[PDB]
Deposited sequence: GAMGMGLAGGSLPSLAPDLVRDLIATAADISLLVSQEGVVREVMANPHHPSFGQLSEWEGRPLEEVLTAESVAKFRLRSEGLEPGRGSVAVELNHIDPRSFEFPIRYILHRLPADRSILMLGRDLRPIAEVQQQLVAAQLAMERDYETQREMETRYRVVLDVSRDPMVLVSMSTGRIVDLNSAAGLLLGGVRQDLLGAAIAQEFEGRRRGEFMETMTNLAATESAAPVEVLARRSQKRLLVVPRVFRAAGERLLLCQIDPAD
């Protein structure tokens, strides 16, 4: 009850601007006034409302409006015009029992949403065309007969290897992924082993560390190299048989 007194022309304009389309319909069913890119709709005035609704919407309008009384609340019904859908909120006015239909067009929201969905799909498809480096990496590592193991310096765990390395270490690739690298070699421990590797890598000596692989019981020579890869610190071990 905070609104001030409002002149009738103002009330009309507030409704007109708030709603997307509003219809004032006589007690007898005739469109008296249309307030609305919708098309002119000028031709609707003076016509029975049923002439501009689909037959399904005629049935719905008749059902929702017949029991609608002044000062007894309002009722919402989705109607389709002769087709496009509008949410109408119906009020019966007490002075003359006309029905004021306050319409919200929900099509614009839908179309805007479609734009965003289509943009997302297009963007995702653009990135699909640039995922080549993971594939190149996988294929080159797998095909290469040079035995190699890649280790996370952060975790000390094997992040990748090829079948050639697997043979020397004594397990299939899939069983070595995630394994602690130091524990693959007899008498080695994570801390001291990573220090050994890191130190040798910085010397660039490439003179190998002698290890004995736990699984295969093979003595091996390990040549370490350390590098940064977009925020990831990695150790690459080249492996050769020793004995």
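Please report every deposited-sequence interval that has no C-alpha in the structure, sorted by position. Unmodelled stretches: 1-9, 46-50, 97-101.
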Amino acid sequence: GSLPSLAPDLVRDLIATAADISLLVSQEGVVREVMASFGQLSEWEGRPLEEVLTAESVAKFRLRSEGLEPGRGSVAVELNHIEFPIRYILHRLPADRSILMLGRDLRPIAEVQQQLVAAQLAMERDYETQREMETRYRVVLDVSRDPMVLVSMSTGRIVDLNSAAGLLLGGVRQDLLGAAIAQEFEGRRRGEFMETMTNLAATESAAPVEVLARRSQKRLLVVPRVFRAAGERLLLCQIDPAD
From here on, numbers count along this sequence of modelled residues.
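Looking at the entry, does 184-192 or 51-59 show the higher mean C-alpha B-factor? The stretch with the larger mean CA B-factor is 184-192.
Using only the Cα atoms and their B-factors as the entry lists them, report which of 64-72 and 200-208 averages higher. On average, C-alpha B-factors are higher across 200-208.
Per the entry's Cα B factor values, which of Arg157, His81, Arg87, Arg107 stands out as the maximum? Highest CA B-factor of the listed options: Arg107.
Candidate set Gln120, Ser152, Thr129, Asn162 [ranked by C-alpha B-factor, highest]: Result of the comparison over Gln120, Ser152, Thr129, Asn162: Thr129.
Third of chain Cα B-factors occupied by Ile239: Middle third - that is where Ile239 ends up once the chain's C-alpha B-factors are sorted.
How does the C-alpha B factor of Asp96 compare with the rest of the chain: lowest, middle or highest third? Highest third.
Going by the recorded CA B-factors, say which third of the chain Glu111 sits in, lowest, middle or highest. As the PDB entry reports it, the C-alpha B-factor of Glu111 lands in the highest third of its chain.
Chain-relative CA temperature factor third for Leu177: Middle third, going by the recorded CA B-factors of the chain.
Going by what the PDB entry lists, where does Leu10 fall on CA B-factor within its chain: lowest, middle or highest third? Highest third - that is where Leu10 ends up once the chain's C-alpha B-factors are sorted.
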